[PDB]
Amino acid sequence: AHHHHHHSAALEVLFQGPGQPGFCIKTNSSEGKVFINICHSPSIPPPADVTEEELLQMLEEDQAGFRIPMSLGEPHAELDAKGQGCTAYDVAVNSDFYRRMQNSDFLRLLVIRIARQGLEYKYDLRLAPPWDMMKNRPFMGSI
């Protein structure tokens, strides 16, 4: 049961480079460990212009969700630190937006939730609630 009219969402786009690593979220699904590589490229469109306070207001008033264009990469298998296979997904946002998000905890939290949601629906995943920023590794895998 719910009554809200809007919710933040991934606007899936075709990845277009040049991409580069950003940061990596470790989490689990119902099936195993998952790494989400939040990457960025200038050729991913930005979200519509909005200030942090305008966006919080729209959330409070249920007048919009944050709609972030992002590519939702296909899975690639990678080894974790213990030598076990895990699934990684590369999710790219716009570079200007990424630079803004570096200076905002609020925008970062939105991106993480939205990337999780996009991958969950695209790949039929049930990510478990806990997740962690990888401190010493911006990207799980190569490139």
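Residue indices: 1-based, along the sequence shown.
Taking the PDB entry as given, 80-88 carries the higher mean Cα B factor of the two stretches 80-88 and 64-72.
Between 112-120 and 28-36, it is 28-36 that carries the larger average Cα temperature factor according to the deposited entry.
In this PDB entry, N103 carries a Cα temperature factor that places it within the highest third of its chain's modelled residues.
In this PDB entry, the Cα temperature factor of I44 sits in the bottom third of its chain's modelled residues, the lowest group.
Among the modelled residues of its chain, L56 has a C-alpha B-factor that falls in the middle third, as given in the PDB entry.
Compared with the other modelled residues of the chain, the Cα B-factor recorded for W131 ranks in the highest third. For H4, the recorded CA temperature factor ranks within the middle third of the chain's modelled residues.
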